[PDB]
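Structure below is coords34.txt: compact mmCIF, C-alpha atoms.
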```
# COMPACT_ATOMS: atom_id res chain seq x y z
CA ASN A 17 136.23 -7.69 63.81
CA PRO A 18 135.60 -11.50 63.40
CA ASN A 19 138.44 -12.42 65.80
CA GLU A 20 137.38 -9.96 68.48
CA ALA A 21 133.85 -11.37 68.30
CA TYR A 22 135.03 -14.96 68.48
CA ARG A 23 136.96 -14.31 71.71
CA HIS A 24 134.02 -12.43 73.13
CA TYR A 25 131.48 -15.20 72.50
CA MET A 26 133.94 -17.85 73.60
CA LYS A 27 134.72 -16.12 76.91
CA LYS A 28 131.05 -15.43 77.55
CA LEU A 29 130.30 -19.12 77.17
CA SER A 30 133.05 -19.91 79.69
CA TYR A 31 131.54 -17.66 82.32
CA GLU A 32 127.89 -18.67 82.07
CA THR A 33 125.83 -21.77 81.46
CA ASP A 34 122.22 -22.37 80.40
CA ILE A 35 119.40 -24.61 81.57
CA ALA A 36 119.86 -27.17 78.80
CA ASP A 37 123.58 -27.80 79.37
CA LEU A 38 123.20 -27.94 83.17
CA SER A 39 120.17 -30.18 82.81
CA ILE A 40 122.10 -32.69 80.68
CA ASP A 41 125.00 -32.81 83.14
CA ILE A 42 122.78 -33.57 86.13
CA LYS A 43 120.98 -36.33 84.19
CA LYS A 44 124.31 -37.84 83.16
CA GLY A 45 125.38 -37.72 86.81
CA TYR A 46 128.47 -35.59 86.09
CA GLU A 47 130.89 -35.57 89.05
CA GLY A 48 132.87 -32.61 87.68
CA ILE A 49 130.52 -29.93 88.95
CA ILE A 50 128.90 -28.70 92.16
CA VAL A 51 125.56 -26.93 91.78
CA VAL A 52 125.21 -24.36 94.53
CA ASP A 53 121.98 -22.61 95.53
CA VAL A 54 122.69 -18.99 96.56
CA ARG A 55 119.13 -18.31 97.75
CA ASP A 56 118.16 -18.26 101.43
CA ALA A 57 118.08 -21.49 103.43
CA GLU A 58 114.29 -21.40 103.58
CA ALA A 59 113.92 -21.06 99.81
CA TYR A 60 116.24 -24.01 99.31
CA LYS A 61 114.33 -26.18 101.74
CA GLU A 62 110.99 -25.48 100.01
CA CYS A 63 112.42 -26.62 96.67
CA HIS A 64 115.64 -26.50 94.68
CA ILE A 65 117.43 -27.85 91.60
CA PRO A 66 118.21 -31.62 91.91
CA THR A 67 121.58 -32.52 93.47
CA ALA A 68 122.24 -28.89 94.41
CA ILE A 69 123.78 -27.92 97.76
CA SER A 70 122.77 -24.91 99.87
CA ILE A 71 125.16 -22.03 100.47
CA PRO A 72 123.49 -18.61 100.87
CA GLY A 73 125.29 -15.81 99.01
CA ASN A 74 126.31 -13.53 101.87
CA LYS A 75 127.56 -16.64 103.64
CA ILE A 76 130.13 -17.80 101.10
CA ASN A 77 133.61 -18.01 102.62
CA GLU A 78 136.39 -20.49 103.32
CA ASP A 79 134.51 -22.00 106.24
CA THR A 80 131.65 -23.03 103.98
CA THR A 81 133.78 -24.01 101.00
CA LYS A 82 136.48 -26.04 102.76
CA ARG A 83 134.65 -29.32 102.08
CA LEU A 84 134.17 -28.40 98.40
CA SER A 85 136.67 -29.82 95.88
CA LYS A 86 138.54 -27.20 93.84
CA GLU A 87 138.85 -29.97 91.28
CA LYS A 88 135.19 -29.50 90.34
CA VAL A 89 133.43 -26.58 88.64
CA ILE A 90 131.06 -24.59 90.87
CA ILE A 91 127.74 -23.60 89.33
CA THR A 92 125.81 -20.91 91.17
CA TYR A 93 122.17 -19.94 90.62
CA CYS A 94 119.66 -17.54 92.17
CA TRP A 95 115.96 -16.91 91.55
CA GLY A 96 115.82 -15.46 88.05
CA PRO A 97 117.05 -12.83 85.50
CA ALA A 98 116.19 -10.02 87.89
CA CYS A 99 118.56 -11.35 90.57
CA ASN A 100 122.32 -10.75 91.06
CA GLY A 101 122.89 -13.59 93.49
CA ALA A 102 124.45 -15.93 90.96
CA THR A 103 126.83 -13.25 89.62
CA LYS A 104 127.74 -11.90 93.06
CA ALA A 105 128.29 -15.44 94.41
CA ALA A 106 130.28 -16.35 91.32
CA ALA A 107 132.68 -13.55 92.24
CA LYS A 108 133.17 -14.81 95.77
CA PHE A 109 133.86 -18.33 94.49
CA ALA A 110 136.32 -17.18 91.83
CA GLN A 111 137.96 -15.13 94.58
CA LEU A 112 138.33 -18.26 96.72
CA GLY A 113 140.18 -19.94 93.86
CA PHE A 114 137.25 -21.95 92.54
CA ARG A 115 136.39 -22.66 88.90
CA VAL A 116 133.01 -20.93 89.10
CA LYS A 117 130.28 -20.56 86.46
CA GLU A 118 126.93 -18.80 86.91
CA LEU A 119 123.63 -20.25 85.70
CA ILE A 120 121.83 -17.59 83.70
CA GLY A 121 118.09 -17.79 84.40
CA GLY A 122 118.05 -19.35 87.85
CA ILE A 123 115.18 -21.38 89.26
CA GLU A 124 112.71 -19.44 87.12
CA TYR A 125 114.12 -20.71 83.82
CA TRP A 126 114.80 -24.14 85.26
CA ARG A 127 111.14 -24.62 86.29
CA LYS A 128 109.87 -23.90 82.80
CA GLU A 129 112.00 -26.70 81.38
CA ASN A 130 112.64 -29.20 84.11
CA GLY A 131 111.30 -30.29 87.51
CA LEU A 132 112.25 -29.04 90.97
CA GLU A 133 113.36 -31.13 93.94
CA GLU B 14 131.49 1.12 93.11
CA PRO B 15 130.11 1.21 89.53
CA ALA B 16 132.49 1.80 86.63
CA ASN B 17 134.59 4.72 85.33
CA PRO B 18 133.10 6.91 82.66
CA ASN B 19 135.47 5.88 79.86
CA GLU B 20 135.62 2.22 80.85
CA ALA B 21 131.82 2.14 80.99
CA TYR B 22 131.41 3.83 77.62
CA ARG B 23 133.60 1.22 75.92
CA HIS B 24 131.78 -1.55 77.70
CA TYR B 25 128.28 -0.43 76.64
CA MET B 26 129.47 0.36 73.13
CA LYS B 27 131.05 -3.06 72.62
CA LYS B 28 128.03 -4.81 74.10
CA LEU B 29 125.82 -3.03 71.58
CA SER B 30 128.09 -4.23 68.77
CA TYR B 31 127.78 -7.86 69.79
CA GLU B 32 124.04 -8.07 70.35
CA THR B 33 120.84 -6.69 68.86
CA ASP B 34 117.28 -6.39 70.11
CA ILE B 35 113.81 -7.11 68.72
CA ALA B 36 113.06 -3.49 67.87
CA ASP B 37 116.20 -2.81 65.82
CA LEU B 38 115.99 -6.15 63.99
CA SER B 39 112.30 -5.57 63.40
CA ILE B 40 112.92 -2.18 61.78
CA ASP B 41 115.62 -3.56 59.47
CA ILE B 42 113.42 -6.37 58.14
CA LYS B 43 110.37 -4.16 57.71
CA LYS B 44 112.18 -1.80 55.36
CA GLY B 45 113.88 -4.85 53.92
CA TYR B 46 117.50 -4.06 54.62
CA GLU B 47 119.62 -6.27 52.39
CA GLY B 48 122.63 -5.72 54.67
CA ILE B 49 121.79 -8.52 57.12
CA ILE B 50 121.16 -12.24 57.08
CA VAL B 51 118.89 -13.50 59.85
CA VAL B 52 119.79 -17.13 60.63
CA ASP B 53 117.69 -19.54 62.68
CA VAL B 54 119.92 -21.82 64.77
CA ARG B 55 117.03 -24.02 66.00
CA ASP B 56 116.32 -27.47 64.53
CA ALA B 57 114.89 -27.78 61.02
CA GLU B 58 111.52 -28.89 62.36
CA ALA B 59 111.22 -25.86 64.68
CA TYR B 60 112.03 -23.56 61.77
CA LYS B 61 109.42 -25.18 59.52
CA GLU B 62 106.67 -24.79 62.14
CA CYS B 63 107.37 -21.06 62.39
CA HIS B 64 110.26 -18.61 62.33
CA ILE B 65 111.17 -14.92 62.16
CA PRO B 66 110.29 -13.35 58.74
CA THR B 67 112.98 -13.49 56.06
CA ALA B 68 115.15 -15.72 58.24
CA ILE B 69 117.09 -18.66 56.80
CA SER B 70 117.52 -22.09 58.44
CA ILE B 71 120.96 -23.28 59.53
CA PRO B 72 120.97 -25.54 62.62
CA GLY B 73 123.73 -24.71 65.12
CA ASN B 74 125.69 -27.95 65.13
CA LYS B 75 125.55 -27.80 61.34
CA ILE B 76 127.28 -24.47 60.79
CA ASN B 77 130.37 -24.86 58.60
CA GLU B 78 131.85 -23.69 55.30
CA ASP B 79 129.60 -26.02 53.32
CA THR B 80 126.52 -24.30 54.68
CA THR B 81 127.91 -20.78 54.63
CA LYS B 82 129.54 -20.76 51.17
CA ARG B 83 126.43 -19.19 49.60
CA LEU B 84 126.28 -16.52 52.33
CA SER B 85 127.82 -13.11 51.58
CA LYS B 86 130.57 -12.04 54.00
CA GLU B 87 129.59 -8.53 52.97
CA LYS B 88 126.45 -8.82 55.13
CA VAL B 89 126.05 -9.05 58.91
CA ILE B 90 124.85 -12.41 60.21
CA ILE B 91 122.22 -12.32 62.95
CA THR B 92 121.72 -15.58 64.82
CA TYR B 93 118.83 -16.40 67.17
CA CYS B 94 117.65 -19.39 69.20
CA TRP B 95 114.57 -20.05 71.33
CA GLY B 96 114.94 -17.66 74.25
CA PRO B 97 117.10 -16.33 77.17
CA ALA B 98 117.64 -19.83 78.52
CA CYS B 99 119.26 -20.98 75.27
CA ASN B 100 122.94 -20.76 74.16
CA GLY B 101 122.30 -21.49 70.51
CA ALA B 102 122.62 -17.91 69.38
CA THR B 103 125.88 -17.33 71.30
CA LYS B 104 127.41 -20.67 70.31
CA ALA B 105 126.40 -20.19 66.65
CA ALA B 106 127.71 -16.61 66.74
CA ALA B 107 131.12 -18.04 67.64
CA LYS B 108 131.13 -20.44 64.72
CA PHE B 109 130.21 -17.62 62.33
CA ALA B 110 132.82 -15.25 63.72
CA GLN B 111 135.28 -18.11 63.35
CA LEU B 112 134.32 -18.48 59.68
CA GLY B 113 135.15 -14.83 59.10
CA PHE B 114 131.60 -13.52 59.22
CA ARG B 115 130.41 -10.27 60.79
CA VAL B 116 128.12 -12.03 63.28
CA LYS B 117 125.73 -10.56 65.86
CA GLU B 118 123.48 -12.54 68.23
CA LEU B 119 119.84 -11.67 68.88
CA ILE B 120 119.28 -11.51 72.61
CA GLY B 121 115.87 -12.94 73.46
CA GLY B 122 115.29 -15.27 70.52
CA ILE B 123 111.86 -16.30 69.24
CA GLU B 124 110.39 -15.89 72.72
CA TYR B 125 111.00 -12.12 72.87
CA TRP B 126 110.18 -11.70 69.19
CA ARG B 127 106.71 -13.28 69.61
CA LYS B 128 105.79 -10.87 72.39
CA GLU B 129 106.48 -7.92 70.10
CA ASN B 130 104.95 -8.64 66.69
CA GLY B 131 101.87 -9.94 68.63
CA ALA C 16 138.07 -19.31 83.02
CA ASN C 17 140.95 -19.24 85.62
CA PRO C 18 139.72 -18.13 89.08
CA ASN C 19 141.26 -14.65 88.80
CA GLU C 20 139.97 -13.98 85.30
CA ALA C 21 136.49 -15.00 86.47
CA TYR C 22 136.61 -12.81 89.56
CA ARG C 23 137.46 -9.71 87.48
CA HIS C 24 134.73 -10.58 84.99
CA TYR C 25 131.98 -10.95 87.61
CA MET C 26 133.19 -7.90 89.52
CA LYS C 27 133.21 -5.66 86.43
CA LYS C 28 129.82 -6.97 85.32
CA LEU C 29 128.39 -6.02 88.70
CA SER C 30 129.83 -2.52 88.26
CA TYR C 31 128.10 -2.01 84.94
CA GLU C 32 124.62 -3.26 85.78
CA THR C 33 122.21 -3.26 88.69
CA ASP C 34 119.16 -5.34 89.57
CA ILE C 35 115.65 -4.63 90.81
CA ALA C 36 116.41 -5.55 94.42
CA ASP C 37 119.43 -3.28 94.86
CA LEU C 38 117.77 -0.34 93.09
CA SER C 39 114.62 -0.93 95.10
CA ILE C 40 116.48 -0.75 98.40
CA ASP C 41 118.24 2.47 97.43
CA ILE C 42 115.03 4.32 96.53
CA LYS C 43 113.23 3.11 99.63
CA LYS C 44 116.11 4.37 101.82
CA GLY C 45 115.95 7.70 99.98
CA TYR C 46 119.55 7.62 98.75
CA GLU C 47 120.85 10.88 97.37
CA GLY C 48 123.78 9.24 95.58
CA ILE C 49 121.74 8.12 92.57
CA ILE C 50 119.60 9.63 89.79
CA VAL C 51 117.07 7.21 88.25
CA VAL C 52 116.42 8.22 84.64
CA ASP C 53 113.57 6.98 82.44
CA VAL C 54 114.71 6.56 78.85
CA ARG C 55 111.21 5.75 77.53
CA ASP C 56 109.11 8.31 75.66
CA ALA C 57 107.57 11.25 77.51
CA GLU C 58 104.10 9.79 77.20
CA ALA C 59 105.11 6.44 78.69
CA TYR C 60 106.72 8.26 81.61
CA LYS C 61 103.60 10.34 82.28
CA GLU C 62 101.36 7.25 82.34
CA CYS C 63 103.54 5.65 85.01
CA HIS C 64 107.17 5.30 86.00
CA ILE C 65 109.52 4.13 88.76
CA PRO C 66 109.27 6.29 91.94
CA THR C 67 111.57 9.33 92.14
CA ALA C 68 112.68 8.81 88.54
CA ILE C 69 113.18 11.71 86.13
CA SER C 70 112.24 11.76 82.43
CA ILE C 71 114.91 12.03 79.74
CA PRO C 72 114.06 10.18 76.49
CA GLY C 73 116.98 8.25 75.00
CA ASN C 74 117.45 10.02 71.68
CA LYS C 75 117.26 13.26 73.61
CA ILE C 76 120.22 12.75 75.96
CA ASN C 77 122.81 15.51 75.56
CA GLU C 78 124.53 18.25 77.52
CA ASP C 79 121.47 20.50 77.38
CA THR C 80 119.40 17.91 79.21
CA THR C 81 122.13 16.80 81.61
CA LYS C 82 123.50 20.19 82.67
CA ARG C 83 121.30 20.28 85.78
CA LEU C 84 122.34 16.73 86.73
CA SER C 85 125.12 16.31 89.30
CA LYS C 86 128.13 14.32 88.06
CA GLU C 87 128.63 13.55 91.75
CA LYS C 88 125.72 11.10 91.61
CA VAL C 89 125.40 7.76 89.81
CA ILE C 90 122.97 7.73 86.88
CA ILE C 91 120.68 4.70 86.59
CA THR C 92 118.92 4.29 83.26
CA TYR C 93 116.03 1.94 82.51
CA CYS C 94 113.79 1.12 79.56
CA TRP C 95 110.75 -1.15 79.15
CA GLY C 96 112.17 -4.64 79.57
CA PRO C 97 114.78 -7.29 78.55
CA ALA C 98 113.86 -6.92 74.89
CA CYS C 99 114.77 -3.23 74.88
CA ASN C 100 118.18 -1.54 74.29
CA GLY C 101 117.20 1.85 75.61
CA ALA C 102 118.92 1.41 78.95
CA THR C 103 122.17 0.20 77.35
CA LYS C 104 122.15 2.79 74.57
CA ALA C 105 121.34 5.57 77.04
CA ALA C 106 124.01 4.30 79.40
CA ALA C 107 126.56 4.84 76.65
CA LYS C 108 125.49 8.43 76.07
CA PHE C 109 125.74 9.19 79.79
CA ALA C 110 129.15 7.54 80.16
CA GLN C 111 130.17 9.57 77.12
CA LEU C 112 129.05 12.76 78.87
CA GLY C 113 131.32 11.93 81.79
CA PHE C 114 128.64 10.53 84.08
CA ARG C 115 128.92 7.54 86.39
CA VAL C 116 126.18 5.56 84.64
CA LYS C 117 124.69 2.16 85.45
CA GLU C 118 121.90 0.40 83.54
CA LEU C 119 118.94 -1.30 85.22
CA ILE C 120 118.59 -4.80 83.80
CA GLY C 121 114.92 -5.69 83.46
CA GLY C 122 113.35 -2.26 83.12
CA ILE C 123 109.78 -1.42 84.10
CA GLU C 124 108.69 -4.99 83.34
CA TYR C 125 110.83 -6.53 86.11
CA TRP C 126 110.16 -3.64 88.45
CA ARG C 127 106.35 -4.12 88.20
CA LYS C 128 106.53 -7.76 89.22
CA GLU C 129 108.32 -6.82 92.44
CA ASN C 130 107.30 -3.25 93.33
CA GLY C 131 104.49 -0.79 92.58
CA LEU C 132 105.57 2.26 90.63
CA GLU C 133 103.82 5.66 90.74
```
Is it possible to express this structure as structure tokens?
Amino acid sequence: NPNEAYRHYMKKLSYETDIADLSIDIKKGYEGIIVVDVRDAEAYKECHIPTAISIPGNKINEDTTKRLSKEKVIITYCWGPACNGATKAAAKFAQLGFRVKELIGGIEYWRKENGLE
Amino acid sequence: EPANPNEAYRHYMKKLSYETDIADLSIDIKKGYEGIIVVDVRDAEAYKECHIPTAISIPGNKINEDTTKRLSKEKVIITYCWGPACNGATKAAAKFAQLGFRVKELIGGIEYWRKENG
Amino acid sequence: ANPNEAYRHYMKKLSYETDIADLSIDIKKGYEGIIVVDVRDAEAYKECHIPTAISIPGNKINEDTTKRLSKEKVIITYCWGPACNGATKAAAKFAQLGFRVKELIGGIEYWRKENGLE
């Protein structure tokens, strides 16, 4: 049913984001988002997406998100398509009342397009 | 905990109705099924360099009633972009569904397609 | 979407699919609460497959082939890779047979990169 499909595709787009869109935002210096790296601290220190902050997945709570503005949209990302980090983390953020959005592809897809930091 | 039998069944069934894979699409084209219209959402230049067989060119931010008036709403539209990192197919799928077409996005895009027919 | 809508979306998604890591940990611990099923052809399964997995080709899933399987366990289907539908299609048939199914996103392809099947 055309309408059912429209809502499906629309919602899907509201839950996830791709490398291109995220890439453009960071280059434009968008202040409306907060790119969060769900990987371990060590992985983040070796390299990570530009302007991204570090907040390991099983460490997401109100103590680590108190300084984050609920006025911005959180964008989580893990290693790649084989990881759940971004989705899991997205849940914890949405549960803490944040406007979360997972980055499908993670660092893996990002590397192929853009450069790490 | 995973999901309930019935809930799961509906989930997997719906998912299958929204997306298609390389194999299924490949079979349809091979035996030249006139019940689908494979549309390439990438830029015109990308489509001219190479594209999936029997696919037509209709750039994403160019999908409207002027470009879909010659397309039969009796057929199922199948959009596809570059690969998993692209939104083109999903975005385009929305515009088609909004124009009253029976749309279906191709998960994987050209990237996955290349790996299979070669 | 609104925080709550998102939470339910991500939660449900996690209940329908599983990743290499999680599945990997379960097998290594020798969990008896899951049944890893290979949806690929019999020949593909005999050449190599994920450890402790059983063989049940997709278009062969019915009550005759699932009568010996415990509905007390969670079925985990898997095909070749991201470009395949096997896992999703099979998942539907299992959920339809009243099983607590869960598809493995990535298939053998993703599993190889991490772990070393038998």
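Minimum distance to residue 78 (chain C) across C:131, C:113, C:119, C:39 (counting all atoms listed in the file) occurs at C:113.
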Select from chain A every residue with an atom at most 10 Å from any atom of chain B, then for each give the shortest pair of atoms and their distance in Å to one decimal, using only C-alpha atoms, rows by chain and rising number, as JSON lines.
```
{"residue": "A:17", "atom": "CA", "partner": "B:115", "partner_atom": "CA", "distance": 7.0}
{"residue": "A:18", "atom": "CA", "partner": "B:110", "partner_atom": "CA", "distance": 4.7}
{"residue": "A:19", "atom": "CA", "partner": "B:110", "partner_atom": "CA", "distance": 6.6}
{"residue": "A:20", "atom": "CA", "partner": "B:110", "partner_atom": "CA", "distance": 8.5}
{"residue": "A:21", "atom": "CA", "partner": "B:110", "partner_atom": "CA", "distance": 6.1}
{"residue": "A:22", "atom": "CA", "partner": "B:107", "partner_atom": "CA", "distance": 5.0}
{"residue": "A:23", "atom": "CA", "partner": "B:107", "partner_atom": "CA", "distance": 8.0}
{"residue": "A:24", "atom": "CA", "partner": "B:107", "partner_atom": "CA", "distance": 8.4}
{"residue": "A:25", "atom": "CA", "partner": "B:107", "partner_atom": "CA", "distance": 5.6}
{"residue": "A:26", "atom": "CA", "partner": "B:107", "partner_atom": "CA", "distance": 6.6}
{"residue": "A:28", "atom": "CA", "partner": "B:103", "partner_atom": "CA", "distance": 8.3}
{"residue": "A:29", "atom": "CA", "partner": "B:103", "partner_atom": "CA", "distance": 7.6}
{"residue": "A:32", "atom": "CA", "partner": "B:100", "partner_atom": "CA", "distance": 9.6}
{"residue": "A:33", "atom": "CA", "partner": "B:100", "partner_atom": "CA", "distance": 7.9}
{"residue": "A:34", "atom": "CA", "partner": "B:98", "partner_atom": "CA", "distance": 5.6}
{"residue": "A:35", "atom": "CA", "partner": "B:98", "partner_atom": "CA", "distance": 5.9}
{"residue": "A:36", "atom": "CA", "partner": "B:99", "partner_atom": "CA", "distance": 7.2}
{"residue": "A:37", "atom": "CA", "partner": "B:100", "partner_atom": "CA", "distance": 8.8}
{"residue": "A:97", "atom": "CA", "partner": "B:97", "partner_atom": "CA", "distance": 9.0}
{"residue": "A:119", "atom": "CA", "partner": "B:98", "partner_atom": "CA", "distance": 9.4}
{"residue": "A:120", "atom": "CA", "partner": "B:98", "partner_atom": "CA", "distance": 7.0}
{"residue": "A:121", "atom": "CA", "partner": "B:98", "partner_atom": "CA", "distance": 6.2}
{"residue": "A:122", "atom": "CA", "partner": "B:98", "partner_atom": "CA", "distance": 9.4}
{"residue": "A:124", "atom": "CA", "partner": "B:98", "partner_atom": "CA", "distance": 9.9}
{"residue": "A:125", "atom": "CA", "partner": "B:98", "partner_atom": "CA", "distance": 6.4}
{"residue": "A:126", "atom": "CA", "partner": "B:98", "partner_atom": "CA", "distance": 8.5}
{"residue": "A:128", "atom": "CA", "partner": "B:98", "partner_atom": "CA", "distance": 9.8}
{"residue": "A:129", "atom": "CA", "partner": "B:98", "partner_atom": "CA", "distance": 9.3}
```
For those residues, write C-alpha atoms to a file as a compact mmCIF listing (two decimals), in the frame of the given file.
```
# COMPACT_ATOMS: atom_id res chain seq x y z
CA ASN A 17 136.23 -7.69 63.81
CA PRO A 18 135.60 -11.50 63.40
CA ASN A 19 138.44 -12.42 65.80
CA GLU A 20 137.38 -9.96 68.48
CA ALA A 21 133.85 -11.37 68.30
CA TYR A 22 135.03 -14.96 68.48
CA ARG A 23 136.96 -14.31 71.71
CA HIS A 24 134.02 -12.43 73.13
CA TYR A 25 131.48 -15.20 72.50
CA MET A 26 133.94 -17.85 73.60
CA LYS A 28 131.05 -15.43 77.55
CA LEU A 29 130.30 -19.12 77.17
CA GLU A 32 127.89 -18.67 82.07
CA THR A 33 125.83 -21.77 81.46
CA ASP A 34 122.22 -22.37 80.40
CA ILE A 35 119.40 -24.61 81.57
CA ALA A 36 119.86 -27.17 78.80
CA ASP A 37 123.58 -27.80 79.37
CA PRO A 97 117.05 -12.83 85.50
CA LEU A 119 123.63 -20.25 85.70
CA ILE A 120 121.83 -17.59 83.70
CA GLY A 121 118.09 -17.79 84.40
CA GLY A 122 118.05 -19.35 87.85
CA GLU A 124 112.71 -19.44 87.12
CA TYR A 125 114.12 -20.71 83.82
CA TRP A 126 114.80 -24.14 85.26
CA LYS A 128 109.87 -23.90 82.80
CA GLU A 129 112.00 -26.70 81.38
```
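Using only C-alpha atoms, the nearest neighbour of residue 41 (chain A) within the list A:55, A:67, A:94, A:101 is A:67.
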Write out as a Markdown table the residues of chain C that have any atom within 10 Å of an atom of chain B, one row each with the nearest atom pair and its distance in Å to one decimal, counting all atoms listed in the file, sorted by chain and then rising number.
```
| residue | atom | partner | partner_atom | distance |
| --- | --- | --- | --- | --- |
| C:26 | CA | B:15 | CA | 9.6 |
| C:27 | CA | B:16 | CA | 7.5 |
| C:28 | CA | B:15 | CA | 9.2 |
| C:29 | CA | B:15 | CA | 7.5 |
| C:30 | CA | B:15 | CA | 4.0 |
| C:31 | CA | B:15 | CA | 6.0 |
| C:32 | CA | B:15 | CA | 8.0 |
| C:33 | CA | B:15 | CA | 9.1 |
| C:89 | CA | B:15 | CA | 8.1 |
| C:97 | CA | B:121 | CA | 7.7 |
| C:98 | CA | B:34 | CA | 5.9 |
| C:99 | CA | B:34 | CA | 6.2 |
| C:100 | CA | B:34 | CA | 6.5 |
| C:101 | CA | B:34 | CA | 9.9 |
| C:102 | CA | B:25 | CA | 9.8 |
| C:103 | CA | B:25 | CA | 6.2 |
| C:104 | CA | B:25 | CA | 7.2 |
| C:105 | CA | B:25 | CA | 9.2 |
| C:106 | CA | B:25 | CA | 6.9 |
| C:107 | CA | B:22 | CA | 5.0 |
| C:108 | CA | B:22 | CA | 7.7 |
| C:109 | CA | B:22 | CA | 8.1 |
| C:110 | CA | B:18 | CA | 4.7 |
| C:111 | CA | B:22 | CA | 5.9 |
| C:112 | CA | B:18 | CA | 8.1 |
| C:113 | CA | B:18 | CA | 5.4 |
| C:114 | CA | B:18 | CA | 5.9 |
| C:115 | CA | B:18 | CA | 5.6 |
| C:116 | CA | B:18 | CA | 7.3 |
| C:117 | CA | B:15 | CA | 6.9 |
| C:118 | CA | B:25 | CA | 9.4 |
```
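Set the cut-off at 7 Å, count all atoms listed in the file, and the residues of chain C near chain A turn out to be residues 16, 17, 18, 19, 21, 22, 25, 26, 34, 35, 121 and 125 of chain C.
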